[PDB]
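Visitor: Protein chains in written order, with PDB author numbering: chain o, 1 to 88; chain C, 3 to 269; chain h, 1 to 129.
Note that the Cβ used here is the ideal one computed from N, Cα and C, for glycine as well.
Before I ask anything, here is the structure I am working with.
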Amino acid sequence: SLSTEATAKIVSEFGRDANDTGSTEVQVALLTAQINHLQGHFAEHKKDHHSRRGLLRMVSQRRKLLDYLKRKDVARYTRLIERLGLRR
Amino acid sequence: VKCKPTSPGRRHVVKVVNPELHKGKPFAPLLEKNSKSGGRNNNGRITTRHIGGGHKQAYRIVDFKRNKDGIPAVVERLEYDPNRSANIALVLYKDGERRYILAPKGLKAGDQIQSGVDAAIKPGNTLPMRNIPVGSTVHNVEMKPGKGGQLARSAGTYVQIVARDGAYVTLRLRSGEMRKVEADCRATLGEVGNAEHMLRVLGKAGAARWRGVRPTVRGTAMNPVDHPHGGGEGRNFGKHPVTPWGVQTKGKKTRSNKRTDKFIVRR
Amino acid sequence: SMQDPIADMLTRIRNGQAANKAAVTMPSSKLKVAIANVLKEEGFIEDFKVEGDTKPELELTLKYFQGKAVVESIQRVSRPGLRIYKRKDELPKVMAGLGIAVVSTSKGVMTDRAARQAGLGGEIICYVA
RNA sequence: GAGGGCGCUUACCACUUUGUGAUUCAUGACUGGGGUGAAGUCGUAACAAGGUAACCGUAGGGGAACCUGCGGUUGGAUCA
RNA sequence: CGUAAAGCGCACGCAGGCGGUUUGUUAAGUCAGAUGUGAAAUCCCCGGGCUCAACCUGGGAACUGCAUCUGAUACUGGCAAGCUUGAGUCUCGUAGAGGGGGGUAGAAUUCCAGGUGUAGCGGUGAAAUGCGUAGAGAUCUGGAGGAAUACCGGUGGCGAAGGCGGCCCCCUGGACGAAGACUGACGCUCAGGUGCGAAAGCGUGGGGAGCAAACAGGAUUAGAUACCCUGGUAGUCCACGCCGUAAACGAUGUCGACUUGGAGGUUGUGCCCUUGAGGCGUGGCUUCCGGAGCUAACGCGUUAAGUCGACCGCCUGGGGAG
RNA sequence: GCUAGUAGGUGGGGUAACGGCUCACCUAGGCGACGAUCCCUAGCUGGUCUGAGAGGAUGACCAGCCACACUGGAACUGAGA
RNA sequence: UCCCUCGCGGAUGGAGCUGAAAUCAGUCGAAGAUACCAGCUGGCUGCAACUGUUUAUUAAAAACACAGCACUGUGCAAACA
């Protein structure tokens with residue numbers, strides 16, 4: 001999954017306050033990590049599909065969140081997509 | 003294929019097929035320890051064992067046995083050596099020395115590499131069979147304790163021991179079935195050479211065959227003289243062995259020294 | 001429901017009746033209570049109330065004359081993806097007139113007769129017989 | 001003299017011509033399967049536990065139904 | 001659309017369709033009024049003239065529509081600010097044959113070698129082929145190799161489906177509970193699209209014990225291109241790529257809300273002289289019986305085939321023909 | 001999948017009039033699964049027949065519209081072809 | 001002309017020099033890729049995949065070779081010569 005020293009870490013970097021593990025800015029960013037980190041994992045094994053299903057989940061789930069931001073505060077979207085080097 | 007990296011495959015443009023090239027060994031041009039190489043197949047007079055020709059050669063290169071011992075080598079760089087498809091690596095010791103070796107699998111970028119009795123059991127250097135576990139994967143052993151012959155054909159070429167055999171003799175060459183060999187001998191222990199290195203097809207004679215050996219094909223060709231079979235209206239009937247060799251298996255190698263190897267089946 | 005909150009109201013009412021239940025409960029809504037108000041005057045339901053100034057929950061009381069129940073027919077019509085809007089001269093007449101038909105007008109929620117007596121039309125809601 | 005008409009010529013274009021495809025309909029030595037019929041030969045595949053439970057997929061084989069292997073199904077009889 | 005024809009083999013998801021709750025606002029949908037126009041003639045109602053009728057004819061009705069204007073604001077839609085029960089995040093636990101990689105163990109088979117020992121073994125309904133005096137079978141010792149993991153194993157568990165069973169490690173997915181804390185409708189479905197798919201089969205290269213299409217013997221039989229017996233190749237195993245089908249079945253699409261009960265299984269949690277095996281609740285998943293209802297009947301029956309709502313796939317007589 | 005006068009823009013030209021209608025030059029666009037292009041068929045409508053209706057099938061006779069006049073093409077005269 | 005360690009420096013300036021194609025317009029002959037030079041094209045079928053090789057001096061082929069495939073032998077003082 002992800003390490004606490006990391007999950008509880010990042011939350012305090014995107015949260016517009018403290019311990020706001022809910023904030024999209026947070027949750028969303030929290031997803032990119034476990035995603036990028038897994039890309040190195042999927043680079044190996046490959047055939048491991050049952051794990052990619054979850055990978056794709058968090059991916060689309062992440063997008064479902066990005067669309068939201070755009071539909072709640074245009075700024076915050078473009079203001080976060082950079083800090084995460086998203087869009088590619 | 004089935005590993006990394008796959009082997010390119012030229013596309014239909016001018017009757018073209020499989021090639022051969024590595025990931026890379028950055029440089030295109032050798033060191034200096036090498037000879038001049040002979041030339042043809044002929045034996046101070048007559049041809050002898052027909053077939054053999056074509057140009058392009060040179061480059062001798064060397065090292066085997068590995069007399070040197072407990073002195074830490076470092077892989078300088080993998081390198082391509084002619085005629086034999088088993089790469090070569092370079093390697094420098096902690097005293098500016100520089101042998102060559104038969105590039106094992108996992109190598110490249112520096113790495114450990116140590117020889118002599120009692121040394122890291124990875125794919126570093128030779129090691130007396132004695133000081134070796136089961137060696138499901140040893141290397142270019144030696145029928146004698148000092149030499150380095152055996153399977154220098156590294157390219158995928160392996161050898162399996164038998165955990166702990168006594169009497170001081172073991173090993174299991176590929177199709178060589180079983181065969182005992184002095185245990186006071188040493189093996190590189192790595193045992194590799196990349197197999198795919200020998201998984202492409204030359205292509206279309208000429209620029210792939212000719213660049214090595216002549217038309218190793220004669221078939222009947224008829225003419226009852228040039229070969230123990232010929233003439234006929236347009237077919238063969240009978241026996242077709244050159245110099246009553248009897249290509250019907252037969253087998254050879256009888257009596258004399260050696261021949262004290264074992265098992266050897268017949269399918 | 002999560003998609004058809006109004007259609008659920010009817011179902012919860014009819015499902016309760018069959019089970020000879022006493023009172024039906026479910027999340028409230030402006031339109032819901034509005035509808036529940038009509039059936040009240042129409043004698044289809046005893047009474048009705050709600051609870052929660054932030055978490056409202058409708059409370060209806062089923063009804064029955066004799067061995068059988070009263071509301072022995074309650075179905076929807078103008079549902080999503082297939083809404084229905086009639087005029088002052090198209091409004092339906094449930095059970096030849098006996099049964100009522102809830103219809104939202106520019107004046108508010110009414111019945112087949114109600115809106116007609118007014119001379120206006122609206123989006124049909126459901127048929128109650 | 002202007003200007004105009006005929007005139008020659010230039011452009012647009014009908015007819016008409018030549019290659020080359022596309023499509024459609026008719027037809028053909030022979031050939032494949034389908035359908036009827038009158039039921040002939042040859043066996044008995046399935047329906048009973050149909051007499052080796054059957055069927056689906058896939059593969060191979062055989063006069064013919066069909067036989068055999070691998071997986072799934074109950075749309076299997078008897079207390080398996 | 002369970003069995004009659006009909007749920008795509010399963011997922012994810014773009015477009016599309018649909019959208020929890022509140023207030024304001026808008027007035028597009030919608031509703032009301034009105035103004036145009038909707039040719040006349042047909043049709044219809046009332047009424048006229050040919051002696052009646054057909055027919056002819058006055059006026060109206062209608063022309064269900066399109067537009068424009070003035071309003072109405074419940075519902076749908078748009079905009080603004082919200083709200084939390086939907087959905088999601090965080091924490092901490094729980095169970096699991098979920099997946100990918102690598103190890104490793106024990107039982108058995110076969111084979112190779114050697115010891116003991118001797119005329120049978122093997123097989124069938126019998127038999128025969130086959131193996132045996134070149135010494136089998138049996139027995140015992142050592143070795144090689146491959147495939148699958150008894151017992152636990154269950155009416156069990158996990159997975160979207162297909163499927164997934166020894167023990168160990170590494171990488172990894174989902175499900176569920178509980179105090180909670182957080183986001184704030186961010187959701188449901190989904191043609192096309194992308195991906196996953198039993199077995200058999202295909203390509204390259206490995207491997208190959210057992211089993212076994214083909215094939216070969218023996219037997220059965222009227223025949224026996226079979227069932228049975230003795231052998232046995234592909235294949236079954238591995239890697240990597242392809243093929244996409246199955247009675248890919250619950251023959252029952254996904255999501256949500258309602259609607260009597262009984263007995264049981266498995267897993268979480270709260271609580272109870274927790275003194276106990278234990279007892280009382282409260283969630284997840286799952287068996288069997290069954291009420292209302294539904295059904296052509298069989299039967300389904302809170303895990304519905306009952307009562308409803310949103311979206312998608314599909315059917316329209318049999319053969320010919322997937 | 002379709003489309004070079006093709007989609008648009010400047011200009012001059014042209015018509016009773018807007019306009020790629022036209023020509024030169026500039027841009028590289030315009031159409032399409034809300035079905036383009038392509039093939040088969042077809043005059044459209046008020047209406048007619050059937051039908052409880054919705055709907056289905058149609059478009060004789062009468063009337064509004066369109067097109068054609070032996071076939072293919074062209075312009076002349078004129079308010080008008 | 002501008003600048004600098006510094007110089008066969010750098011930058012800006014664009015004189016002179018050279019110079020194709022296209023597009024309109026006109027013109028000559030019977031003819032303008034005018035001479036030399038410089039693919040004939042297509043349709044059906046056998047054989048061999050294909051480049052290549054061969055009877056110097058009557059056979060260039062469908063024959064030899066070829067890459068690929070398979071069988072078999074060879075444990076290195078290898079088999080084989």
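Between which two residues does the alpha helix (DSSP H) carrying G56/C extend?
Guide: Neither: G56/C is in no alpha helix (DSSP H) and is coded neither H nor E.
Visitor: Are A101/h and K88/h close, meaning C-beta to C-beta below 9 Å?
Guide: no
Visitor: Identify every run of the beta strand (DSSP E) within the region 73-108 of chain h, keeping only runs that are complete inside it and at least 3 residues long; order them along the chain.
Guide: 74-76, 100-105
Visitor: Assuming contact is defined by CB atoms lying nearer than 9 Å, are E179/C and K67/C in contact in what I supplied?
Guide: no
Visitor: Taking contact to mean 3 or more Cβ pairs, one atom from each stretch, closer than 8 Å, check whether the region 106-115 of chain C and the region 162-180 of chain C are in contact.
Guide: no
Visitor: What does the Cβ neighbour count give for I125/h, buried or exposed, with the cut at 16 atoms within 10 Å?
Guide: Counting other Cβ atoms within 10 Å of its Cβ, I125/h reaches 16 or more and is therefore classed as buried.
Visitor: Since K107/h and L120/h are thought to touch, with beta carbons under 8 Å apart, how far apart are those beta carbons, to the nearest angstrom?
Guide: The distance from the Cβ of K107/h to that of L120/h is about 7 Å, consistent with a contact at the 8 Å cut-off.
Visitor: What span of residues does the alpha helix (DSSP H) with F14/o cover, start to end?
Guide: Looking at the DSSP string, the run of the alpha helix (DSSP H) that includes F14/o is 4-14.
Visitor: Would you mind stating whether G122/h and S104/h have Cβ atoms separated by less than 9 Å?
Guide: yes
Visitor: Please determine, among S23/o, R52/o, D17/o, the residue with the shortest C-alpha to C-alpha distance to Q34/o.
Guide: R52/o
Visitor: Bridge partners for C126/h per DSSP, in chain order?
Guide: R76/h, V102/h
Visitor: If we count Cβ pairs, one from each stretch, closer than 8 Å, do we get three or more for the region 68-84 of chain o versus the region 17-37 of chain o?
Guide: yes
Visitor: Would you call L69/o buried or exposed, if buried means 16 or more other Cβ atoms sit within 10 Å of its Cβ?
Guide: buried
Visitor: Roughly how many angstroms separate the alpha carbons of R86/C and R155/C, rounded to a whole number?
Guide: 7 Å
Visitor: Kindly give me the distance between the Cβ atoms of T49/C and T128/C, rounded to whole angstroms, as I take these residues to be in contact under 8 Å.
Guide: Going by Cβ atoms, the distance from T49/C to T128/C rounds to 38 Å, so no, they are not a contact pair.
Visitor: Name the one or two DSSP bridge partners that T61/h has.
Guide: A23/h
Visitor: For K25/C, does the count of other Cβ atoms within 10 angstroms reach 16, so buried, or fall short, so exposed?
Guide: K25/C comes out exposed.
Visitor: From the DSSP output, which residues share a beta bridge with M200/C?
Guide: Partner(s): none; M200/C has no beta bridge.
Visitor: Have a look at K68/h and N20/h and give me their C-alpha separation to the nearest angstrom.
Guide: 9 Å
Visitor: To which residues does DSSP link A75/C through a beta bridge?
Guide: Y95/C
Visitor: Count the CB pairs spanning the region 43-60 of chain C and the region 208-223 of chain C that are closer than 8 Å, and state whether there are at least three.
Guide: With a cut-off of 8 Å, the region 208-223 of chain C and the region 43-60 of chain C count as touching, because enough Cβ pairs lie within range.
Visitor: Assign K254/C to buried or exposed, taking buried as 16 or more other Cβ atoms, counted over all protein chains shown, within 10 Å of its Cβ.
Guide: Counting Cβ neighbours within 10 Å, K254/C comes out exposed, since fewer than 16 surround it.
Visitor: The alpha helix (DSSP H) with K40/h in it runs from where to where?
Guide: Counting along the chain, the alpha helix (DSSP H) containing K40/h begins and ends at 30-41.
Visitor: Taking the alpha carbon of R269/C as the reference point, which residue from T251/C, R257/C, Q152/C has its own alpha carbon closest?
Guide: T251/C
Visitor: Given that a residue counts as buried once 16 or more other Cβ atoms are within 10 Å of its Cβ, and exposed if not, what is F29/C?
Guide: By the neighbour-count rule (16 or more Cβ atoms within 10 Å), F29/C is not buried but exposed.
Visitor: According to the neighbour-count rule (16 or more other Cβ atoms, all chains shown, within 10 Å of its Cβ), is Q39/o buried or exposed?
Guide: Looking at its Cβ environment, which holds fewer than 16 other Cβ atoms inside 10 Å, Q39/o is exposed.
Visitor: At the level of alpha carbons, what is the spacing between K96/C and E78/C?
Guide: 12 Å
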